[PDB]
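Here Cβ is always computed from backbone atoms with ideal geometry, including for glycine, and neighbour counts include all displayed protein chains. No lab work stands behind these numbers, since they all come straight from the coordinates.
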Amino acid sequence: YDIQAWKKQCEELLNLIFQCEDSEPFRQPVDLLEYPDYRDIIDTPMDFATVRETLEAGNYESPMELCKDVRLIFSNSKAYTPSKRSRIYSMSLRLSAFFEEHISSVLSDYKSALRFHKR
Ligand SMILES: NC(=O)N1CCN(C(=O)c2ccco2)CC1
């Protein structure tokens, strides 16, 4: 029933994601010299350094907000990919599966703790 536990749990999950080779394309923003049309396709860029920095600045109120930004990293990859078999998109799918598998208990525990708090 710890309402604040999600933050350290998210920090540790972000640490695991940064150790994963599949996250390399998603750690920093996309360079426009390499992908000139990126902002024509993607209106809201997002990356794992921005998520980690937002978390560490105390700018997420809940793990649901963090989850929305992480999911935006993956939807941006799906929207930008020219093919469903591309290397970078295929890395996003594995990383998304890993993230969803680990974030599930973080979300469940937070929502349960909040319900207990408001009982
Ligand atoms: N850091 C980068 O330069 N990226 C390249 C564009 N991105 C993609 O999701 C993507 C899908 C298919 C090909 O690239 C984000 C990562």
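If we keep just the residues of region 62-91 that are under 16 Å from residue 52 (Cα atoms) and of a type in the set (A, V, I, L, M, F, W, C), which is farthest from the ligand (Cβ to nearest atom)?
Here is the first cut: in region 62-91, the ones under 16 Å from residue 52 (Cα atoms) are 62-74.
Next, from what is left, pick out any that are of a type in the set (A, V, I, L, M, F, W, C): 64, 66-67, 70, 72-74.
Numbers: 64: 23, 66: 19, 67: 18, 70: 14, 72: 11, 73: 8, 74: 9 Å.
The selected residue is 64.
For region 60-78, what are the residues that are out of contact with any helix residue (DSSP H, G or I) (no Cβ under 6 Å at 6 or more places or on another chain) and farther than 16 Å from residue 9 by Cβ?
Correct list: 68, 71, 72, 75, 76, 78.
State all residues of region 73-111 that are in a helix (DSSP H, G or I), polar (S, T, N, Q) and exposed (fewer than 13 other Cβ atoms within 10 Å of the Cβ); if no residue qualifies, say none.
Here is the first cut: in region 73-111, the residues in a helix (DSSP H, G or I) are 73-80, 87-111.
Add one more test, that the residue is polar (S, T, N, Q), and what stays is 75-77, 90, 92, 96, 104-105, 108.
Result: 104, 105, 108.
Which of the residues spanning region 36-59 are within 11 Å of the ligand (Cβ to nearest atom), part of a loop (DSSP other than H, G, I, E, B) and either in contact with a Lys or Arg (Cβ under 8 Å, 6 or more places away or on another chain) or farther than 21 Å from residue 13 by Cβ (or both)?
Matches in region 36-59: 37, 42, 45, 47.
Taking residue 92 as the residue in question, decide whether it is in contact (Cβ under 8 Å) with a residue 12 or more places away in the chain and either among the polar types (S, T, N, Q) or in contact with an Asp or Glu (Cβ under 6 Å, 6 or more places away or on another chain) (or both). Don't jump to the end; show me each part of the working.
Working: in contact (Cβ under 8 Å) with a residue 12 or more places away in the chain: yes; either among the polar types (S, T, N, Q) or in contact with an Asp or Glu (Cβ under 6 Å, 6 or more places away or on another chain) (or both): yes.
Taking the combined requirement at face value, the residue satisfies it.
Considering only region 1-28, state which residues are assigned to a loop (DSSP other than H, G, I, E, B), within 12 Å of the ligand (Cβ to nearest atom) and either surrounded by 12 or more Cβ atoms within 10 Å (Cβ to Cβ) or of a type in the set (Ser, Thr, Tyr) (or both).
Taking region 1-28 and keeping what is assigned to a loop (DSSP other than H, G, I, E, B), we get 1-5, 20, 27-28.
So of that shortlist, the ones also within 12 Å of the ligand (Cβ to nearest atom) come out as 27-28.
Scanning region 1-28 gives a single hit, 27.
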